[PDB]
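First comes the structure, then the notes that go with it.
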There are 2 protein chains.
Amino acid sequence: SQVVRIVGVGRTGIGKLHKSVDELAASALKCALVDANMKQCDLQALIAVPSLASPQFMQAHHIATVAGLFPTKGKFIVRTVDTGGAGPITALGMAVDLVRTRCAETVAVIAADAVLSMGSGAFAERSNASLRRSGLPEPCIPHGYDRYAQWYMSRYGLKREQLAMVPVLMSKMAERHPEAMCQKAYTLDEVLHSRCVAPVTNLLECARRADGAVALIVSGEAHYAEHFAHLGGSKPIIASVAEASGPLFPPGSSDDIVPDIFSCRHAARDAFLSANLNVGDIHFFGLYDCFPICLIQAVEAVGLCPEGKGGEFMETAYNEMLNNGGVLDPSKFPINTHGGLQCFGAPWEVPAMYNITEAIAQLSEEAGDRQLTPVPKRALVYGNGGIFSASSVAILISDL
Amino acid sequence: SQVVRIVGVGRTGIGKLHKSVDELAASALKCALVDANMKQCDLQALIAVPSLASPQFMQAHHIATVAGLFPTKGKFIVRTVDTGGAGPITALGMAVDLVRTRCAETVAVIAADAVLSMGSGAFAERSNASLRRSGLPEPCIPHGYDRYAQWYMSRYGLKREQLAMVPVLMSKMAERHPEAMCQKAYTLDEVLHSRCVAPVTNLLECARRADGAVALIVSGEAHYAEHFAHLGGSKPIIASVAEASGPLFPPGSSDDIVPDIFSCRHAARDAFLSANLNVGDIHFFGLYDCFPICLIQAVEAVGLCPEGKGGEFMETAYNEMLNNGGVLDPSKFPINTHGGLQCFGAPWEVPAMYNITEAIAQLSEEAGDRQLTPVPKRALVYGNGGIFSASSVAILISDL
């Protein structure tokens, strides 16, 4: 059809589950079909993303085979896409494509990994290998992000302490979510005295490795109601999805870096246009946050504050918090009320899915102690890949 | 940008090339760009497929980074897709989609691998790994198709020598191609005397490991004419693209195998229906042929002979060859005039690219000693990944 909604959501718990990637992927898919009032047979496509713990040739085909989705009710398109942490939204965009071009009317999007159970040595070897030719000291991704952090300090006047604040705010958010890995909030000093991983990035500022899988069912507005029917927020309209890209790793000069290297605003800029919406009208933001500089660059890009003022955005919330509890009220910082990759958890390419599930929870008034009030009608979700290498942004709204 | 063409084509040599996968991709992309009278700056997207020799997280981003596609001028979306050997055709559709929604005005599609320079030991392990949990005896990939072959032999009455006839015919096409790995034709008796690999699979019935890369530039017709202007066949219109899929490996019973598994039929009908053409408008077929059972299944699925009679299709074509030389006349067998994966060469996920490049040569009356006369106006190309797991079909036309 033309209007396409997220019609089902299924996920496993997050943490150390001691289960294989195929085991996790299958469970998330069985939950999502139950949540959508569907059977396997009612699905006509699947897009999935690669797993770091269990790398696999034709992963979506491998997952779809092992989960027993075959034989199928006719044609059945299967695809695997790799854009790193931007993946789940990229695939959500393709899912809309398949429904719009009528190659399939319902699409499942799956992300699954087990990078916590894999062990610190294995995760390090595999994640660091992925960045060959970067010239990045180990750990490569944190040092890769570490470099952009350091470059930001000198061009825009960002403060080191503004970095360390990013995990403070996410921790405040995490403790109202029972499933989040971080259940005890951090202090700004706790973060700074944490074991140094890269020069301006400490341990508590790194994404929180976790196992987990999430599945989404995507369907056409018209198609779904006649066979399986606020199912606005609860089964939101995907208004738009858009992408943009950049280098897989930063330049080796520490400078020569330029504002167009960062790729998030153009993805966001495009998603608004397809949706006929804009930023002041978005009141829940799910923003990728693998390291402090990643979340900082993001709030600029979707349009919550001007370029360069991203460190300032966090502090006013951190200050607004300190002289108020410190209770971080969602409604003044309606951003990553789940804790993000910092404090909810980060299964490699999976965790952008958690921005989507938290968008639906806020939109469906299912956010508990974390509920944004008044309830937002529209949400923005963001996934980022590599080291600012892939950006894809979606717009989810309850009502048209 | 309504009529969409392959605006550039570049490829490296094939063989044992003593080159990295990134050198090949970069060399082919610069060739494809020279071919279009374009520079790096004119690209607005990049799509690639994974490499077995140099497996890489976010493979396409890695290529564009190392090859220096960054920093970029205006919008440059990058994605990696894995549908196995179906990838280049899967990717061609994404490229066309990207052109229609104006998410990018010019697209590079890149496939590069080096499974020959990588060594025979490594090729066996990594390819065997791909079918983990299948239960297929090693080597796994040959053993899997082999199973469908006996199912063909036992369901449709297919015979051993009719399978073995495929590489004879492919050797004949290959000997007229200056680049093909195989430079001297086989006898049907030598293929049958070839080293037994699986029950119905001999050494000469297997794809010929090779290094190589091919790049395509896809753009809108007017756009190419309005910004960069045989300008038909040499830069053909992509008339249609479609896909369908199946299991990554067989159930392992031969009695669980059913005609409804195969997806080439589903892919072909949609490519036909979407182009508003049918088999009669096509006079060249580039058909993925990793093993005889694939080419046999393909010609039936596309409609060159009834279901089950694909081995008979080969026998009647091989017989006529003998009754002319034995000279294989193209017009009696307008299929894989370059030699295919059997005898031209097969760099893992790349060789569907060779079906397209041989289609362009045929369409442009530049196929030399293999040239079909009268010049074909339309071709159908087909790629396969895994074990009848992915089907991708395209249709290219010279002028509308």
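Note: ideal-geometry Cβ built from the backbone for every residue, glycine included; neighbour counts use all protein chains shown. Since every read-out is calculated from the coordinates, none of them should be taken as a lab result.
Remarks
- For the stretch A:38-90, trypsin sites (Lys or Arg not before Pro) meeting the loop criterion (DSSP other than H, G, I, E, B) and having at most 11 other Cβ atoms within 10 Å: A:39, A:73.
- Value of [θ]222 nm, deg cm²/dmol, for the protein assembly as shown, DSSP H segments ≥ 4, -39500 (n - 2.57) each, nearest 500: -10500 deg cm²/dmol
- Counting, for every residue in B:128-135, the Cβ atoms of other protein chains within 10 Å of its Cβ and taking the mean gives 3.
- Cα-based shape type of the stretch A:155-240, given that a ≥ b ≥ c are square roots of the gyration tensor eigenvalues and the cut on a/c is 1.5: prolate
- Rounded if a/c under 1.5, otherwise prolate or oblate - the stretch A:266-400, Cα gyration tensor axes: rounded
- Label points for residue B:399 are taken 7 Å from Cα along Cα→Cβ. From this copy to the others they lie 5.6 nm apart, shortest first.
- Global geometry of the protein assembly as shown, whether rounded, prolate or oblate, following the gyration tensor of its Cα atoms and the 1.5 cut on a/c: prolate
- Sorted from shortest to longest, the distances between the residue A:120 label points of this copy and the other copies are 4.4 nm, with each point 7 Å from Cα along the line through the beta carbon.
- Isolated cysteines in chain B, defined as those with no second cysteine Cβ under 4.7 Å, comprise B:31, B:41, B:103, B:140, B:196, B:206, B:264, B:290, B:294, B:305.
- Partner chain coverage, peptide A:67-77 - average Cβ within 10 angstrom: 5
- Here is the list for the stretch B:242-307: GluC sites (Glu not before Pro) lying in DSSP coil, each with at most 16 other C-beta atoms within 10 angstrom of its C-beta, are B:307.
- Separation of the stretch B:211-243 from the stretch A:19-33 is 41 Å, based on Cα centroids.
- Within 10 Å of each Cβ in B:253-265, the average number of Cβ atoms from other chains: 1
- Separation of the stretch B:315-329 and the stretch A:54-121, taken as the distance between their Cα centroids, equals 45 angstrom.
- For the stretch A:121-165, applying the loop criterion from DSSP together with a ceiling of 13 other beta carbons within 10 Å to the chymotrypsin sites (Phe, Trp or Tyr not before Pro) yields no site.
- Protection-proxy order for peptides B:372-379, B:276-283, B:349-356, each taking the mean of Cβ atoms within 10 Å per residue, highest first: B:349-356, B:372-379, B:276-283
- Ascending list, in nanometres, of distances separating the residue A:222 label from those of the other copies (7 Å, Cα toward Cβ): 2.7
- Computed over chain A, Kirkwood Rh from alpha-carbon pairs, angstrom: 20.8 Å
- Hits among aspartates and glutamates - C-alpha to C-alpha of residue B:39 under 15 Å, sequence gap 8 or more where chains match: B:105
- By average C-beta atoms within 10 angstrom, highest first, the peptides A:318-327, A:199-208, B:205-214: B:205-214, A:199-208, A:318-327
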